[PDB]
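Quick heads-up: it's one chain on its own, the form deposited in one PDB entry, in structure tokens.
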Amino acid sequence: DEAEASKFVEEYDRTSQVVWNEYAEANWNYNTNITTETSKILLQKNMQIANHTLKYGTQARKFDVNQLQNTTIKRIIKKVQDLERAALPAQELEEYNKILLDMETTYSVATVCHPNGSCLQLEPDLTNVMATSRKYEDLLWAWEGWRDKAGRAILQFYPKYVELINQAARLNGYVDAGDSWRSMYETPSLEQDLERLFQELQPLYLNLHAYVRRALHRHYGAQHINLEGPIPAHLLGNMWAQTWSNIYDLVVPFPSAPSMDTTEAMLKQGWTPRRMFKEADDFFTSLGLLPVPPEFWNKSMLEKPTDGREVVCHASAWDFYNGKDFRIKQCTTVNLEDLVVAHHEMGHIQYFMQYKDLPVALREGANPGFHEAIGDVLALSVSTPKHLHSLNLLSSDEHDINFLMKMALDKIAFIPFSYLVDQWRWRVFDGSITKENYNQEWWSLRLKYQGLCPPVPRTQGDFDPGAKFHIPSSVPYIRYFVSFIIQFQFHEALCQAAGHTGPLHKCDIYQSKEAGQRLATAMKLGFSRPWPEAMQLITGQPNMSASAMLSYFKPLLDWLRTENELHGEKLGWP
């Protein structure tokens, strides 16, 4: 029957390309122009792609994968047997698709208004307030307001969403949706592996947390900061306190060594969103990697539209499954934070182009984390003082500690948050957390892992998780935790291949062909082989390891311990 198998995969591939390309079209139109019309069309297309999935998935299940000889065919067919949402009865499928659409629309058009009439959208208004305001009450207004308008509005849809996504998972052979999502890593030991990694980063996070807590105590006052407790969630310069880069000014280790206004420098010399992506595109090509197609610059939405249409601003990279059309949709703002995001997204695009010739079923990253790490790796080099100086955006061991601190505020602060999100969802999916306890358990984890507390007590009806994009958008989050760990492993390996010597944090792989080759060879595998092989190709070993990230920040860890020790900090919280 081996003959029927290769034939099946061939038909699945050519037909999937057509249907998936049409779907991406409708999805893009909705995402870049939210209207009743584009919404209705997208929902119609959902039913069409579902019909295709059910047709080929039903056939795939007729094959006994065990008796299949060719490992590539065996792998593709096993994957096609998973119908995902298409496994749901037609009635539940349309209800599920509408719920997803409603949650996405609700989140993307939510606004927080003042008594007068001035209403602010998340991007860039509220994001700017959280990043620049140093007034406790103004930060509270934005923090609470976003949750009141976005979070609370998602609550009416979540319980049903959970019921339906779990039903689909069970109909595909999994115990629940969390089980289904975790399966993407093909790693039985996943939960234990990630827990060990999280634990290895505790010394660093706890020391950074204590140091930043002391700084906030200095700025906002003893009456608002408990030196032995959690930090109010609205003072970290970010709506979700997932990255603390924006309060660098309040915590700079050596204020005597001033650093240029990077964001002001970009604006000062006319940097634009297009320039930002052009620079990222240049970094990739410098490594010998692929440049984005001409079509990319013509079809991407790199700026928030001003023609009246409403859009999903949250940045994302798109593969239209025809090996030629790739696009990015981002409401880009001119600043260093979004420059890094630009590289992040361009990393996804590079992966798309690298595996474009593989069967559609295998056009995915070695694991989701790999897809998320590519752009971040290059951004690590872009963020170095020397590289920023080469871009004319910047002009001592102290400058070194300041830099590591800036890097830690983003990378280290994000570790517990990235770990937390799916620890919460997996327990919602497995029934451990009911709708009565959604919010309470979210905050229990926010405290346990991040050491944060809500500035305003939560009340019945609040659903703070809904105020975070990936929740109503139903996008898994553990990939970001994996990404932050492995991106440093990649940085370390690529730097070693590039001939770098000395402190790892001083490495800049710009123009390194050796580094480019390692990334390309790995990306070309797509999802054709277990991820340890792609890991081996890049790093020379097959496991995930926190050693690289710890090595990168070693100088900061030493500095933080000394600093916290002399101030008598009590690490942690009750």
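Heads up: residue numbers just count along the shown sequence, starting at 1. Under this definition, the rigid core comprises the largest set of C-alpha atoms superposing within 1.5 Å between the forms. Residues that one form lacks are left out of the comparison.
The form deposited in another entry is left out here; the points below concern that form.
- No residue in 188, 308, 457, 221 other than 308 shows a CA shift of 2 angstroms or more between the shown form and the other one after fitting the rigid core.
- For residue 41, the Cα coordinates differ by 2 angstroms or more between the shown form and the other one after the core has been superposed.
- If you fit the rigid core between the shown form and the other one, you'll see the Cα of residue 528 move by less than 2 angstroms.
- The Cα shift for residue 53 between the shown form and the other one, taken after rigid core superposition, is smaller than 2 angstroms.
- Once the two forms are aligned on their core, the segments of at least three consecutive shared residues with Cα displacements of 2 Å or more between the shown form and the other one fall at 29-44, 304-314.
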